[PDB]
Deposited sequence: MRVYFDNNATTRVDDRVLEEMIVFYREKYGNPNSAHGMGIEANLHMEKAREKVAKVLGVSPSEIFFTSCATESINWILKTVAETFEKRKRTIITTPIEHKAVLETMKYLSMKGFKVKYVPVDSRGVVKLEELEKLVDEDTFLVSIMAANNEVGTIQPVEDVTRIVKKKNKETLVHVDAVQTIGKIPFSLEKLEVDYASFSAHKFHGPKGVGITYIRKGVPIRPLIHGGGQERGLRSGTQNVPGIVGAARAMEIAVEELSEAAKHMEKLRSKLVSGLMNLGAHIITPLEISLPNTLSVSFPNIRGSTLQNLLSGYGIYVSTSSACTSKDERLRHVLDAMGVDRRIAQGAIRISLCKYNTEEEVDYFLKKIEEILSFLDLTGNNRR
């Protein structure tokens, strides 16, 4: 029995999404920048996609840009926006629980002479709003925060973070790494009042190689990739049409079925929680404020990587620090931590299997 419990890492493409993609690989394979019939045709579907996305996120088609992945989007927004504020501003604010896409870019901007401050998080993984108000000064031009954490699943108070920031400084811009929202928790930008958002299609049953970017009309931005002039001159290179069509279709479906999907995952998760604790596990994920599919747990007397290998031997897939560290998690617990991340297609039959097999692995040890 193949049990895939690592959906925060990546997911399988939805059969419906793949079917549509195939059309643009075999038949409508034209270059959206061409003026002939097939060019005109591909461009239509690329734009319908951009529209499907804008609609789901509650924004204007012109505010959606397509990249190669969330990482590229994050590099692009952080690097070029910092680039527009050179010799004018220099303070950037973020948190220690961000994905390395963000953290590593910040490290880069520091090398370049930028001041990168880090707002701490509480024991549950939630950013500390009080410290945020303080840390934000007049020299602060950009605040980069994530909507939910990929390792533990902790949801951040994006609304509050935004409000608190606007008050302390009305000119500061806000970027939201929303990669883990789509298909797991509602996320709309319509009234969120943020300026930049990043997404990765393969995290919600879309294909790999496609990133989705939200850039509020008017805010600063520049090309990370100069060239032919695609994406309104802001991101060149031939667009990935089969990829874009699929990504849009995947977002639409993912959100459309969110409600029923979350309830289902929320249920399976509860079964895992009680079962794992009865076997001796420690629950790191704060159930009351996290993605309903994410469950980070630890068996103190076993290396997470060892539990990971054993489980993999039975056809079960899960994953296995700077986040737990930022949370103050004890080194012993961190060392044995693993992450179980469920999708809409996981089942109770699978949960029963995981519980049954991990109990064996634990007994043999």
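- According to the record, the deposited residues with no C-alpha atom in the structure span 321 to 331, 377 to 384.
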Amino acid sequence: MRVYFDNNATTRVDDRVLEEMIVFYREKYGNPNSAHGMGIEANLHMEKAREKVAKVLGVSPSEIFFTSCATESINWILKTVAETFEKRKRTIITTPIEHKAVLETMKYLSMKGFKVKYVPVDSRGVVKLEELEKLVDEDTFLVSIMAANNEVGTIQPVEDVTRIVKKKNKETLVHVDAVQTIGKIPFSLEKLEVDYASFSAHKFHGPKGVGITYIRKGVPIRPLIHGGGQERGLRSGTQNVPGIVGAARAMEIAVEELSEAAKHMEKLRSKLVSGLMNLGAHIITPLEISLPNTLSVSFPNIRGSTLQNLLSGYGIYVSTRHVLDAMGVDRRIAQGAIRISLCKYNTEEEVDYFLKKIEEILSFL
From here on, numbers count along this sequence of modelled residues.
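- Two stretches are in play, 211 to 219 and 134 to 142, and the higher mean C-alpha B-factor belongs to 134 to 142.
- 57 to 65 and 297 to 305 differ in mean CA B-factor, and the higher of the two is recorded for 297 to 305.
- Per the PDB record, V121 has a higher Cα B-factor than any other of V121, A201, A101, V245.
- Ranking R163, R249, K184, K263 by the C-alpha B-factor listed in the PDB entry places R163 at the top.
- Ranked by Cα temperature factor within the chain, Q156 sits in the middle third according to the deposited record.
- Per the deposited record, the Cα B-factor of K28 falls in the middle third when ranked against the other modelled residues of its chain.
- Ranked within its chain, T91 lands in the highest third, by CA B factor from the PDB record.
- Ranked by C-alpha B-factor against the other modelled residues of its chain, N169 falls in the highest third.
- Remark: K52 belongs to the middle third of its chain, ranked by C-alpha B-factor as recorded.
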